[PDB]
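Cβ sites come from the backbone with ideal geometry, for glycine too, and all protein chains shown count toward neighbours. What follows is calculated from the coordinates using simple rules that are stated; it is not laboratory data.
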Amino acid sequence: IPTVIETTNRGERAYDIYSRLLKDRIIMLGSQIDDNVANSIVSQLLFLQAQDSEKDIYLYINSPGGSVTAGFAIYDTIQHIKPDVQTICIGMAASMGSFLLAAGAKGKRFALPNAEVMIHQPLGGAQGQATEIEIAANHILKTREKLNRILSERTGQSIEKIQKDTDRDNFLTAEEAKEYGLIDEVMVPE
Amino acid sequence: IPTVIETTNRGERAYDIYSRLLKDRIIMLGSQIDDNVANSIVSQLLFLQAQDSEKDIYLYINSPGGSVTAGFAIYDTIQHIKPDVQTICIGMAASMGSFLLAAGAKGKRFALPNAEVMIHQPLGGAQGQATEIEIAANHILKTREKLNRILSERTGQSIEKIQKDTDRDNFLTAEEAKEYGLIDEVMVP
Amino acid sequence: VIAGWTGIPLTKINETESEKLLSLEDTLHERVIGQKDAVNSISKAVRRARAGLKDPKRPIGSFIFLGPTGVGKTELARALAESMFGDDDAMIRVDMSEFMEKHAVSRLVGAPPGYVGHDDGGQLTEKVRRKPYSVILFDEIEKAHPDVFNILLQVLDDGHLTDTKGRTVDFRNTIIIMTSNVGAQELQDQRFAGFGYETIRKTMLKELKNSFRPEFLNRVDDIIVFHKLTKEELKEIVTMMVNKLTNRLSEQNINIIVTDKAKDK
Amino acid sequence: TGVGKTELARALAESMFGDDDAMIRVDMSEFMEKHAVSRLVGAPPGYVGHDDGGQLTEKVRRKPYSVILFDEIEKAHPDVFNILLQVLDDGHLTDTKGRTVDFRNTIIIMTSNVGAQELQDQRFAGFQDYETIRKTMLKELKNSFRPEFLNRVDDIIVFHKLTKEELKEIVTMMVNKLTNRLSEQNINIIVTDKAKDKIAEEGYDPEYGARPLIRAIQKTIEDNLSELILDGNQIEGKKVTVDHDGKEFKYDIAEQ
Amino acid sequence: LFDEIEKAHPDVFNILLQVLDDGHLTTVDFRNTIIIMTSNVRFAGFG
Amino acid sequence: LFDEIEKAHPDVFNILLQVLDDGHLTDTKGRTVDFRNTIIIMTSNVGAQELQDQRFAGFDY
Amino acid sequence: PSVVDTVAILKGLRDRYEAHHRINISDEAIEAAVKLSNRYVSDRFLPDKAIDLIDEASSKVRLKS
Ligand SMILES: Nc1ncnc2c1ncn2[C@@H]1O[C@H](COP(=O)(O)OP(=O)(O)O)[C@@H](O)[C@H]1O
Ligand SMILES: [Mg+2]
């Protein structure tokens, strides 16, 4: 993790690359979405809303996926803060990562040309008595229903079609994601 | 964890994002509640009370829960301090997390729209001779009774209803938690 | 005769002077768009001085202008100097950016006996002595060393400053203005991070207390926070600058008009 | 700050001599440099200003019976106070020229506020009286000064923070002084008790002493009176009564 | 002619702004002067 | 009597080296004044403040 | 001298200055001179500066007519 000494005026303070990018409202999500990463992302979003409530935030996503609750926390923080958030898909946005990719501001969801996205039903487990298995199954089914409803709202597609497509691992290219509605346009190179 | 640098005439302040939030009286409960986390949170609450005893303290909860004793320490510190403690549920609030979520000031307990709250009876374990197992079971039943008593006092629900609901893992949405009395209102964007 | 000697307007207040003093806010607003409270406080101080209700043992007024960059604090001081004298050059301006070191306070009061430059007293003391009715501006007080302002403690409370030679200079007929700047990053960092003008003024005032001693702020007559310029205020500023330029080019017999869209751009 | 440390010295000077002017005042906020000590005793031989002598020594020689005020002692360089060690022990100070000046018929008053801010920014993070306050401020004074300097001082006095009733009495005194000053300008002013109470409550600020009282008196009485004076001179040779009906201050003009 | 405005003490910029905004210093007039400030403004790699 | 010798600049006492070693001090006029029949007393309290500042953190003349 | 002493001094010297400047000097002029010189002139000292103020004002008003 290289450090950067480049700062305006005095130029005495040194940053690491992520902290320096944070000053430019650049947020990096390049790992699995667990509670620690989600908490850091929420704190960064709140800090950037406080710094300026009008300028847009840049969210670069590259994640295999992770906890559904962590992604829900990030989604709520994104939809709650006044400034708009741009989601740029780097590499792969899969599982909850694709959910956060669709969470960006309308007309402000982008993806790089040779990028990949994946959508599927949530994973989980249920162990113990039959009643406990029933409770866990009900919870995971309700979680899938809520995810499908949010995706349908943010993509403008029927929940039947999303249910059919999320049955198995559906891999989509950037163009296929654009046609599907997860992203808005493919960032053509300069 | 990113670092935030603030420039003043006196000098440089190098916060990490959690300390920067703490500067605005934001305390983050985002991990399993063990002794270390409870001690840190108690110290943060005490320092925030010292800095100004009149403004409100904000507690953000995203945790699967943890130790009952640690949660009780946090609850005691919250109730003892003069400033009000607003509890906002981001993500998950399970076991002790829900207990601390309900422990905020009245009219000041919030949860994000698609947040999840889980209430259930505490976990434990007994091993050894029959007398030792009896002691452990008596202790865990007493702890469950105390938790049910506090939850009934703090949510307006009967002790019997909480006993029935906490027998198995009960998952509640934000609307269900508002109806159950665990939180006070959902934060509309 | 005493007014001619000291330069202080001690003559009787006539109707013309009365109406000129009562319209001081309008005169200051002719050069300073915005910042109503600062203009009001300055005008009240001047009117109180000229009504004879000022405490004779204290200066006319001590003010701290706190706000962002390019808001008009120095411009307000210059406008006050123009109102009180007729020209901005009569103002006594002290640049606090060259007072970054503690020993630079010798330039204000003089060098101690046995040290170079003791024959020539402090610049500020000599300037005030020769112009007892003056406006003193301390520009960018944050850049100065914190201990330099301990000298002003005896001036804001008693109106007397003693130079190294032993001569006492009276500041009791002067207006003292200190300007403090908070950068864009500074007041960006003062905002609250979390879910969900009064608070901005409160937090800037609280931050000011952490940079100056309580007994220094206790002796200031008024601490005024300069609000950020709005859209219509910037439009009015463009209008006033364009009007000044049109007058200056009309005295050369060149007629010029600027459209509203051009001014907005 | 704003408690009465300097006002007490001025009051003593007035009581002893009939005027606050007849007090030898040394503001030590201009002695932040060690070499400023020359201002007290003069420049050494062979250096500029040697013939002028020491200002304090000459003033004391010219008036051996006087009150000497060293205002804001903590503002000066620590070593500058070694010059006062001989004065507090023998009443003697030697000029650079070699002349011994007698201080044995003088009252030396030193004012400070060290530790006063420390009692306000102290924050206990875990779950008072005059004695503890004076103890901690004396401890801070010991920290800020050398033991031999504090050992020669006849008395160290703690000035307590003003209370509400004392603030009200201070308001009464300020109003009386303002009224007596304006009577010379032929402006009779009477301020009622309700108005004085509202001034005291509006200008209440516990850690700033009685200077908010001055600011409140200004903003409440002097601005409106100045407007009346400048608005066609409708006050001259008349009596103005300042009242507070319960919402704002009212100013009524009548005859003597 | 301001030779080498770089390593000069930063207080020179104050005087320069004062001259360029007002044209007078304390009086000396600068309205008939031309202000010329001459400024004098390794790769770790294979290139 | 030299009272409170620590209060002076350290270099000032270099002038007393000749006085304490030969009893001679040459003034500026080039005249040598003899100190050989004088008693010189220098009072000080060096280390007094260190000693009222020294606090022992672990559990006489 | 004090302010009242200076007033008495100026009132006593009034006859000489009235004879020299051939004008009338009012008591209010004496009071104003001493008070204004005492408050606003600090480098000089009371009797001389009050007399100076009286003399300059008298000269100006005499040359006016
Ligand atoms: N309210 C205002 N009305 C008129 N002019 C303004 C106003 N605010 C800013 N300006 C203009 O902008 C410039 C601000 O510079 P200045 O206030 O001196 O900077 P600083 O506040 O950093 O000292 C001035 O030249 C002034 O003409
Ligand atoms: Mg004061």
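What's the FRET efficiency of G:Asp15 with D:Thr179 using the Cβ-Cβ distance as r and R₀ = 35 Å, to the nearest 0.05?
In this case the efficiency is close to 0.40.
With each label point set 7 Å from Cα along the Cα-Cβ vector, what nm distance links A:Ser158 and B:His80?
Once both label points are built, they end up 6.1 nm from each other.
Which of the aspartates and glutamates could a cross-linker span from D:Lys97 if the Cα-Cα distance has to be under 15 Å and same-chain partners fewer than 8 positions apart are dropped?
Reachable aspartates and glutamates: D:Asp51, D:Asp52, D:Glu58.
When you take every Cα atom in the stretch B:79-148, what is the radius of gyration, and what is Dmax, the widest Cα pair distance, in Å?
Values for the stretch B:79-148 (Cα only, Rg and Dmax): 16.2, 48 Å.
Distance check, please: which entries in C:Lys12/C:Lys44; C:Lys36/D:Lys196; D:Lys63/G:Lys11; C:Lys206/D:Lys75 exceed 26 angstrom between their Cα atoms? Could you put the intermediate results ahead of the total?
Details: C:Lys12/C:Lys44 19 Å; C:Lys36/D:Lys196 29 Å; D:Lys63/G:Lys11 32 Å; C:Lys206/D:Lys75 24 Å.
Table pairs above 26 Å Cα-Cα are C:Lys36/D:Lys196; D:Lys63/G:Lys11.
Within the stretch C:63-96, whose backbone N sits under 16 Å from a point 7 Å along Cα→Cβ of C:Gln188?
C:68-69
Report, for the stretch A:17-186, the % of DSSP beta bridges that are antiparallel, rounded to 5.
Around 15 percent of the beta bridges assigned by DSSP in the stretch A:17-186 are antiparallel ones.
Might you report the magnitude of the Cβ-based charge dipole of the stretch A:1-46 about its Cα centre, with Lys and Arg at +1 and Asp and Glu at -1, to the nearest 20 debye?
Values: 5 positive and 6 negative charges, 48 e Å.
Approximately 220 debye in magnitude.
Set the Förster distance to 30 Å, then compute FRET efficiency between D:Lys63 and D:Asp205 from the Cβ-Cβ distance, nearest 0.05.
For D:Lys63 and D:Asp205, the calculated efficiency is 0.20.
Per the helix-only calculation at 222 nm, which mean residue ellipticity applies to chain C, given -39500 (n - 2.57) for every DSSP H run of n ≥ 4 and division by its residues, nearest 500 deg cm²/dmol?
-12000 deg cm²/dmol
Mind putting together the pair-distance distribution for the stretch C:26-78? All Cα pairs, 10 Å bins, whole percent per bin, short to long.
23, 50, 24, 4
What net charge do the residues around A:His139 carry, taking every other residue with its C-beta under 9 Å from that of A:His139, with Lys and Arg at +1 and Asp and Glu at -1?
Neighbourhood net charge equals -1.
Remind me, relative contact order of the stretch A:17-186 in percent, using alpha carbon pairs under 8 angstrom and six or more residues apart?
19
What does the convex hull of the Cα atoms come to per residue for chain C, in Å³?
Convex hull of Cα atoms, per residue: 183 Å³.
Peptide G:37-46: average number of partner chain Cβ atoms within 10 Å per residue? Intermediate values should be presented prior to the final figure.
Working: counts 3, 0, 8, 13, 4, 9, 5, 0, 0, 0.
Average neighbour count from other chains, rounded to a whole number: 4.
If I take every Cα pair under 8 Å that is 6 or more residues apart in the stretch C:1-76, average their sequence separation and divide by the length, what percent do I get for the relative contact order?
27
Compute the semi-axes of the equivalent ellipsoid of the protein assembly as shown, taking the square root of 5 times each eigenvalue of the Cα gyration tensor, and list them largest first in whole Å.
Taking √(5λ) for each Cα gyration eigenvalue gives 68, 40, 33 Å.
Please report the equivalent ellipsoid semi-axes of chain F, computed as sqrt(5 x eigenvalue) of the Cα gyration tensor, largest first, in whole Å. If you can, show how the numbers build up before the last one.
Working: eigenvalues 263, 32, 14 Å².
Semi-axes from the Cα gyration tensor: 36, 13, 8 Å.
What translational diffusion coefficient, to the nearest whole µm²/s, does the stretch A:123-178 have by Stokes-Einstein, given a Kirkwood radius computed over alpha-carbon pairs, a temperature of 25 °C and 0.890 mPa s viscosity? If you can, show how the numbers build up before the last one.
On the way: Rh = 13.0 Å.
Once the numbers are plugged in, D ends up at 189 µm²/s.
Which entries in C:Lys54/D:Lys247; C:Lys54/D:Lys177; A:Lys106/A:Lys142; D:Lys198/D:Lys238; C:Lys54/G:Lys35; B:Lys55/B:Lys178 show an alpha-carbon gap greater than 21 Å?
From C:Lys54/D:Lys247; C:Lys54/D:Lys177; A:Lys106/A:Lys142; D:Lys198/D:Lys238; C:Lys54/G:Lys35; B:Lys55/B:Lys178, over 21 Å: C:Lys54/D:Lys247; A:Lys106/A:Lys142; D:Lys198/D:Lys238; B:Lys55/B:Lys178.
Would you work out if the stretch C:1-153 is rounded, prolate or oblate? Take a ≥ b ≥ c from the square roots of the eigenvalues of the alpha-carbon gyration tensor; rounded if a/c is under 1.5, else prolate when a/b is larger than b/c, oblate otherwise.
On the way: a/c = 2.37, a/b = 1.40, b/c = 1.69.
Judged from the Cα gyration tensor, the stretch C:1-153 comes out oblate (a/c at least 1.5, b/c at or above a/b).
Which value in nm describes the separation of the simple spin-label points at F:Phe2 and B:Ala126, placed 7 Å from the Cα toward the beta carbon?
8.6
Let me have the 222 nm mean residue ellipticity of chain B computed from DSSP H runs of 4+ only, each contributing -39500 (n - 2.57), with the sum over all residues rounded to the nearest 500.
Working: 7 runs with 84 residues, N = 189.
So the calculated ellipticity at 222 nm is -14000 deg cm²/dmol.
Can you give the relative contact order of chain G as a percent, counting alpha carbon pairs under 8 Å and 6+ residues apart?
Normalised by residue count, the contact order of chain G is 40 percent.
Take every Cα-Cα distance within the stretch A:17-186, group them into 10 Å bins from 0 onward, and report for each bin the whole-number percent of pairs it holds.
Calculated P(r), rounded to whole percents: 10, 39, 34, 13, 3, 0.
Starting from the Kirkwood Rh over alpha-carbon pairs, what translational D in µm² s⁻¹ does chain D have by Stokes-Einstein at 10 °C and 1.306 mPa s?
73
Within the stretch A:39-56, list the residues whose amide N lies under 13 Å from a label point set 7 Å along Cα→Cβ of A:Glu185.
Backbone N within reach: none found.
Mind pulling up the Rg/Rh value for the stretch C:121-265? Radius of gyration and Kirkwood radius, both on Cα.
1.11
How many nm is it between the label spots at B:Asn39 and F:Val46, if each spot is 7 Å from the Cα in line with the beta carbon?
Going by the 7 Å Cα→Cβ label model, 4.7 nm.
Could you name the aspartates and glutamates whose alpha carbon sits less than 16 Å from that of A:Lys82, not counting residues in the same chain fewer than 8 places away?
Here the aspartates and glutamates satisfying the reach criterion relative to A:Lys82 are A:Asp52, A:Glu54, A:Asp56.
Please work out the FRET efficiency for the pair C:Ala262 and B:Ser19, using the Cβ-Cβ distance as r and a Förster radius of 51 Å; give the result to the nearest 0.05.
Using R0 = 51 Å, I get an efficiency of 0.55.
Taking the alpha-carbon distance from D:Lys135 and a cut-off under 16 Å, which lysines remain once sequence neighbours fewer than 8 residues away in the same chain are dropped?
D:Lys161
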